[PDB]
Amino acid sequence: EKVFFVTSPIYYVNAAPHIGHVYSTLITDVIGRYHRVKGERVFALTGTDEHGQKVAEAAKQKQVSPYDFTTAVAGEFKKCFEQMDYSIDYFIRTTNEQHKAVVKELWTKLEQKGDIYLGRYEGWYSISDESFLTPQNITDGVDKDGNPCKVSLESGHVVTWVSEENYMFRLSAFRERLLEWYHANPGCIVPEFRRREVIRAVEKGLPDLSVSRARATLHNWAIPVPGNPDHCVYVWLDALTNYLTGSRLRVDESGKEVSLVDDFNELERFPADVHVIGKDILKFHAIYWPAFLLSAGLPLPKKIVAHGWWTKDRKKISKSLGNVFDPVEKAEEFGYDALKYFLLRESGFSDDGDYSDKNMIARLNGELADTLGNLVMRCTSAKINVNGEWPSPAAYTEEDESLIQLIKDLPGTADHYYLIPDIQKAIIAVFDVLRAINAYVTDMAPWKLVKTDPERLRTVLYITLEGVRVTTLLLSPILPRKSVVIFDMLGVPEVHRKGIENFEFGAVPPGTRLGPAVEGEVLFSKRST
């Protein structure tokens, strides 16, 4: 029994925030939310990666001091995530003094167990990705302007040769112990094919890792290696330590950090239950990170879910090349909950998704408006629900027991998808049941039963309300604002809107009064063809 701990990756602050970071954090936010809906202590963590050469030089380009720059951008991030209506507990910055204490404390652990030694790194490097790459992983390409140069195959960004005396981590010694972990825990990297990638890599062989860099190279914009001011710590070790730092910070209601604890157990968050990340940063989390943690004798995480990169109208995203995709703007256009749904629904973690205003409307009209929207407006109209209450149900037909089974079985299958995690599958799961409820309703024809057979209408309405309820509960994390509006319409008491107990069918007693119906309001609004 522990605080469920879920992360988004801390984002480089070299440019403004955009869909990549928003999507990543939404997943994190959703996973966190669901576990809270369960009624569990949760700790969600997003943040910014502010040190290193990439950011140091991005500051230099705009021609302002990095101290000013990083605080400026971090602000654009805090603003945007605040606009997206997330429920992240704390927002972490690698410039934070408590974080340094941790980073240094972690360093010394690695040093005291003798897994750090002074060496050299002579090889390729991407500043834009802050990644060490072998000659096999680089190719010919084009300079930021004219000239021929070498680029990364992974990312297409320029690589420079580096020949520095660095401090070296014995990553090569943790190959065998990594492969046991990949096996021992064969659902610890999601999705499965990304797990096969990681194993295949570690199987080939692992070099040692440069965990320090010549102070000059970095423009002194990093964390000093303990005992040697000539060096600074690899921006990635710095960043990967964010998870441990955040696990150790007591946090006030205003959201400001108020204290760094000595030991990770004191807050019961570490090790992270889930690390949400993107495909592009897999090796750091799936190879380096566990190797570090093993070295330092800390526990390893439970799950790492890597996702893909987005597009718009089948063309990659770029502010400069004619195809932008501003989430705060599209959220203001179509609705914040609606946009989150689309992003979570349209593409699963094994896929590089495709937004378009066409499909956004298709799914908004088809699913949000027509499936779910009509269902809540039906079972709560004056027309069908003449007493504005939860009716007491008569005897159940087999076709009733049929639907009830779905509704009963739904929580458990959604629990699994949410836990994998596979948020797409979980949404579909729910909607299958919503579709099933709209069939049952069309078939029972309650509009007609209000005059023919009120004793029967009681059993239909009840099942429909309880269906809509349980489905809405399990969509809570996806549609946080709209689920509340739904629950209000239904008149579901606040105690019943959360908690594992209210997954069970029949948790709201009959006689429960519905919410006051406002005439002007709809739940979802259709858009043009």
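Just so we're on the same page, rigid core means the largest C-alpha set that superposes within 1.5 Å between forms. When you see a residue number, it is the position in the sequence shown, counting from 1.
After a core fit, the C-alpha atoms in 9 other deposited structures of this protein lie farther on average from the shown form in one of 141-149 and 84-92, namely 141-149.
Comparing the two stretches 408-416 and 304-312 by root mean square C-alpha distance in 9 other deposited structures of this protein, with all structures fitted on the core, the more displaced one is 304-312. Compared with other deposited structures of the same protein, residue 163 does not meet the criterion of being unmodelled in at least one third, since all of those that resolve residues on both sides include it. Notably, residue 347 is never a gap: all other compared entries of this protein, restricted to those modelling both its neighbours, have coordinates for it, so the one-third criterion is not met. When the mean C-alpha temperature factors of 171-179 and 415-423 are read from the deposited coordinates, 171-179 comes out higher. As the entry records it, the average C-alpha temperature factor is higher for 151-159, out of 236-244 and 151-159. Across the residues 278, 290, 454, 187, the deposited record lists the maximum Cα B factor for 454.
Highest CA B-factor among the listed residues (267, 102, 449, 404): 449. Per the PDB record, residue ranking by Cα B-factor puts residue 24 in the lowest third of the chain. When the modelled residues of the chain are ordered by C-alpha B-factor, residue 86 sits in the middle third. The PDB entry assigns residue 285 a C-alpha temperature factor belonging to the lowest third of its chain's modelled residues. In this PDB entry, residue 213 carries a Cα temperature factor that places it within the middle third of its chain's modelled residues.
Ranked against the other modelled residues of its chain, the C-alpha B-factor of residue 432 as given in the entry falls in the lowest third.
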